[PDB]
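Peer 1: Take this sequence and fold it.
(chains A, B, C, D, E, F, G and H)
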Amino acid sequence: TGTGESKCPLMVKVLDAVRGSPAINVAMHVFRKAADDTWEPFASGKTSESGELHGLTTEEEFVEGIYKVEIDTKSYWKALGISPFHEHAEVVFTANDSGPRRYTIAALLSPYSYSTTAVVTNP
Amino acid sequence: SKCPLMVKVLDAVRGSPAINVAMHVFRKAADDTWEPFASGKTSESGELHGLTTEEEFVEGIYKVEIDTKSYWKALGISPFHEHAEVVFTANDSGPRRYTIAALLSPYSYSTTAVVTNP
Amino acid sequence: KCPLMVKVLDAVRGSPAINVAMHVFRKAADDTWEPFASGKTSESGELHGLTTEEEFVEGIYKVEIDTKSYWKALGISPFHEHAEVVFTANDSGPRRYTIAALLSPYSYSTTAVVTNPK
Amino acid sequence: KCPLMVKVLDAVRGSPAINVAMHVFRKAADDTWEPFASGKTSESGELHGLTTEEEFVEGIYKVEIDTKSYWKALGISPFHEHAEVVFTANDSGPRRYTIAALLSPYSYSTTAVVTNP
Amino acid sequence: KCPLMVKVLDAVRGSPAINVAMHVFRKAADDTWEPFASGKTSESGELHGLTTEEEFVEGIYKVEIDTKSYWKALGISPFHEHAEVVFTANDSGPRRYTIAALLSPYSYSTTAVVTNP
Amino acid sequence: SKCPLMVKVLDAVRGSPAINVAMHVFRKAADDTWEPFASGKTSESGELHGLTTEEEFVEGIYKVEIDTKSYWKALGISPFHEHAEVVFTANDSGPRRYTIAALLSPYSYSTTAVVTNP
Amino acid sequence: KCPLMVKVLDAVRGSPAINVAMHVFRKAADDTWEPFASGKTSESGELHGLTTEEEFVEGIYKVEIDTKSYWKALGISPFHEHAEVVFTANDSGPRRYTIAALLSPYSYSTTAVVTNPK
Amino acid sequence: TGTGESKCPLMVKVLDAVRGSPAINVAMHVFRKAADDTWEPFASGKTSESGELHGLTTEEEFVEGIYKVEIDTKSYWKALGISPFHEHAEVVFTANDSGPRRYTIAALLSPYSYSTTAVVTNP
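Peer 2: Residues are numbered from 1 along each chain as shown, chains lettered A, B, ... in the order given. I have put the structure below:
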């Protein structure tokens, strides 16, 4: 724990609906809406063997703000030889607000359909 | 026909309707068993129109079974689910129009409903 | 013919998401998002023909659905700021795209049906 | 090793669905549904320790999720009577199954994640 | 000074009842309900500035609260069609009336606080 | 009698059932007019049994007008409300048992409904 | 004769509050609370005969309803930890005590129905 | 602003259902649950001319804990010359948790009945 590494107050889990297994090595970039309305690169990384992303931020760097989770669905499908639909699966939301909170972004991937859900815990 | 019940099956892999999918509609009897109500395959549109009439679709518990296994297996894909089952109490508060959407992938399905008040 | 059709549905009430705002944008040469078309969803959650077969050209399109405002108007504070659908249209030639959106306060699903015209 | 796991989520609330009744059924030789297990989802909407690798055998399994009891307690009249997951388990060696169910009053989605131990 | 004030609360969520339509009427000599005020509650679930001590005259008033739409918009099926508050106002001189409402899908409570200016 | 519509009236000031309260039950007509349905006065238990029968109490929008003004003035008290109104849609999804409770105070009142599935 | 009845209701479902635990106590001379009754509500949501006219003596009584576990077991995060009704019973001759509680996650209402015995 | 005095993150509004006016100068005592499950005195203030309570705590002292709000309904009705049912009306809850929040406690009094409500804000 320091300045945005290892704590787990935000986890992204990506699944493959076609294969019925976790979506591994999916590129994704977490952004943060700056006062000048533009997106500041917050976190960068790929999904593990479990199809998850751990310790993206600390309970100190993950402050109140608008976040963009850009999941690279296209490169996942194109690597499997599939011509999909979306350029990327995007998730835009306001974080913590009431107080420090835990977030899980689940994304169910099909080439021509994506399903995104948020699950909130009470820390 | 009056289309008071509509079933639309879609393929989430192809990004097009799921064609020639076997689906059987049933109705729960007094002895808690399933009585054969309807039978039909999905058209070019991936829809099933003319399932039942306005008066034949009486109040009861309906079972819409979509044979997903046969659909995926006839493409060379061994799927997870044997089928997809939609069980719901119909009309209940008088006659209503039902729209059932099914979005399939080998290891996942999603069923939705839209109830119209005529 | 309607080359782009957008349907929005409410998973909570089981009905079309009426009067939802969708702002369509096309990726310009300088990689900026240029306003293409804006509109509200009908009583059927259908955004009937936003564009012509000629206006809707080859390019990366962004369909931004304001779900936050749909939910907030209904007394619900949703998770998402909006729903995004970013795709590449008319790459291989003219095509008929049908975007289906399914909304719940903390979950959304966007599915597509692409077809060869006529 | 936990061969069967069931997760239930609330798409409206954005939280696990708690105390939802799930009843597992194995298919018999005479095409009838024999019971297997019963359970209300944990605070995590999870249902761990349902079966054992020895108890989990070659057959067609049914998973009944009482979505109706869930929505009705919340003051909501849902569309579905329940949600049904019907699948053949361990037809080609023992495997680890995770059944995920995403619920909304008038819509539900079910996905399966299979991994070899 | 604000003569007529309406407050509406959500007993289920524990927060003000926002975007709740209310229409106020006044009984006419011909026993017909004449329009008086019409406004959808704000973030605070409160409704002020509906009248002036001058416009708010003698007669029987009706405060029709559209609780049904409020609950239906949440996907909740309520019991009541609405909530009526029928009362005689300013009979013995002008009075300051606060009309509070507490809503639950199958229950509503309405209380009144009268102040002498 | 069958008791598909019950009305219990309680005194929050006295902690006793509201005895001799006048109540008039109405039913909405096709012309949006309130047609008289039943008219009784609360018992020693503050209740009203024998208002209607399961078959007579058909689907529709019902109005239960509770004469609180008569009740509080008979005690010397100056009440706020002219009455306590209860407007609801009865049956719809088959015959249902209804129990309308009313807690009375000079300047407050609360209605609660207990719907049972027979 | 039933000298103590506890009726618990659900203002969200409009049904009796099923399987609510309530513990009754009687304040001792040292102001400590002695156990009197404990039982979870039935399908009726009512809790009759928690005592006899003999056991139920003069004193300050505490009816504690576990509203938190009721709501959390339904999947709702409520406001209050519990709901406590405290009162002096049979102080001026034995009476018939009826404690009613109406439950909403962030609100509760309690009433008293004191009747002369037999 | 100090150690639980002037900020406004907790109010107690008490109404009279008999008179139809705010229940004026009613006794009410706020407590906080200690580690040994004992009730420690926190605030003792009577309802104003508006039947409200202000000057109870700061955002500083009002910390994650269980709070007991005891309304003396018995003394209010007896002062009026009525023999009420309830010994008191008690509100027991957990405050802040996620983040520091504003809590309004509404109370409606009748000699043999009481209705209590909670209104929680965004901070």
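Peer 1: show me where chain A has strands.
Peer 2: Applying DSSP state E to chain A gives strands spanning A:10-16, A:21-22, A:27-33, A:39-46, A:52-53, A:65-71, A:86-95, A:102-110, A:113-121.
Peer 1: okay, those strands in CSV with distance to chain C and mean neighbour count next?
Peer 2: Placement of C-beta: from N, CA and C, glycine included. Listed next are the strands of chain A as CSV, based on distance: least, Cβ to the nearest Cβ, whole Å; neighbours: other Cβ atoms under 10 Å in any protein chain shown:
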stretch, distance to chain C, mean neighbour count
strand A:10-16, 13, 22
strand A:21-22, 19, 17
strand A:27-33, 9, 19
strand A:39-46, 12, 15
strand A:52-53, 18, 19
strand A:65-71, 6, 20
strand A:86-95, 4, 21
strand A:102-110, 8, 23
strand A:113-121, 4, 22
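Peer 1: Output those strands as CSV; include the columns distance to chain B.
Peer 2: Formatted as CSV, the strands of chain A follow (distance: least, Cβ to the nearest Cβ, whole Å):
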stretch, distance to chain B
strand A:10-16, 8
strand A:21-22, 8
strand A:27-33, 21
strand A:39-46, 22
strand A:52-53, 18
strand A:65-71, 17
strand A:86-95, 10
strand A:102-110, 4
strand A:113-121, 4
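Peer 1: Nearest to chain F among the ones you listed would be which one?
Peer 2: Proximity to chain F (Cβ to the nearest Cβ) singles out strand A:113-121 among the strands of chain A, at 31.0 Å.
Peer 1: so what strands line up beside the closest one?
Peer 2: As defined by DSSP bridges, the strand partners of strand A:113-121 come to strand A:102-110 (antiparallel), strand C:107-115 (antiparallel).
Peer 1: Show me what residue of chain A gets nearest to chain H.
Peer 2: Closest contact between chain A and chain H, by Cβ to the nearest Cβ, is at residue A:99 (2.1 Å).
Peer 1: Return the residues in contact with that residue.
Peer 2: Neighbouring residues of residue A:99 by Cβ atoms under 8 Å, 6 or more residues apart in numbering or on different chains: H:96-100.
Peer 1: how much space between the most far-flung residue of chain A relative to its centre and chain D?
Peer 2: Largest separation from the mean C-alpha position in chain A: residue A:81, at 23.5 Å (Cα atoms, centre = their mean). For residue A:81, the distance to chain D equals 21 Å [Cβ to the nearest Cβ, to the nearest Å].
Peer 1: Same check on residue A:71?
Peer 2: Noted for residue A:71: a distance of 16 Å to chain D, by Cβ to the nearest Cβ.
Peer 1: Now do the same contact list for that residue.
Peer 2: The contact partners of residue A:71, taken as Cβ under 8 Å, 6+ apart, are A:12, A:14, A:26, A:28, A:88-91, A:107.
Peer 1: cool, and residue A:50?
Peer 2: Neighbours of residue A:50 in contact, by Cβ under 8 Å, 6+ apart: residue A:22.
Peer 1: again, but for residue A:53
Peer 2: Counting by Cβ under 8 Å, 6+ apart, the residues that residue A:53 touches are A:11-13, A:28, A:45-47.
Peer 1: now for the residues you listed, which pair is the farthest apart?
Peer 2: Farthest pair in the contacts of residue A:53 (Cβ to Cβ) is A:11 and A:46. Separation: 14.2 Å.
Peer 1: so what's residue A:91 bridging to?
Peer 2: With DSSP bridges as the criterion, residue A:91 is bridged to residue A:69.
Peer 1: Wait, it touches residue A:68, no?
Peer 2: Yes - assessed by Cβ atoms under 8 Å, residue A:91 is found in contact with residue A:68 at 7.3 Å.
Peer 1: Return the backbone torsion pair for the residue in chain A that chain G sits nearest to.
Peer 2: Ranking the residues of chain A by distance to chain G (Cβ to the nearest Cβ) places residue A:122 first, at 7.9 Å. Phi and psi for residue A:122, reported as degrees, to the nearest 10, are phi -110, psi 70.
Peer 1: which non-adjacent residue is nearest it?
Peer 2: Once flanking residues are discounted, residue A:122 sits nearest to residue H:98: 6.2 Å by Cβ to Cβ, 6 or more residues apart in numbering or on different chains.
Peer 1: burial measure for the one you found, as a count.
Peer 2: 15 (other Cβ atoms under 10 Å in any protein chain shown).
Peer 1: can I assume it is in contact with residue A:100?
Peer 2: Yes - between residue H:98 and residue A:100 there is a contact under Cβ under 8 Å: 7.3 Å.
Peer 1: List the contacts of residue A:15.
Peer 2: Residues near residue A:15 by Cβ under 8 Å, 6+ apart: A:21-23, A:51, A:106-109, D:100, D:111, D:113.
Peer 1: got the contact list for residue A:123?
Peer 2: By Cβ under 8 Å, 6+ apart, residue A:123 lies in contact with A:9, A:59, A:100-102, H:98.
Peer 1: for the residues you listed, which one is nearest chain C?
Peer 2: Closest to chain C out of those is residue A:101 (11.3 Å), distances taken as Cβ to the nearest Cβ.
Peer 1: isn't the closest one right next to residue A:121, touching?
Peer 2: Yes - between residue A:101 and residue A:121 a contact is recorded at 7.1 Å, counting by Cβ under 8 Å.
Peer 1: gap between the residue lying closest to residue A:111 once chain neighbours are set aside and chain F?
Peer 2: Excluding the flanking residues, the one nearest residue A:111 by Cβ to Cβ, 6+ apart is residue A:84, at 3.7 Å. Going from residue A:84 to chain F by Cβ to the nearest Cβ gives 44 Å.
Peer 1: Would you check that residue A:84 makes contact with residue A:113?
Peer 2: No - in this structure residue A:84 lies outside contact range of residue A:113 using Cβ under 8 Å: 9.6 Å.
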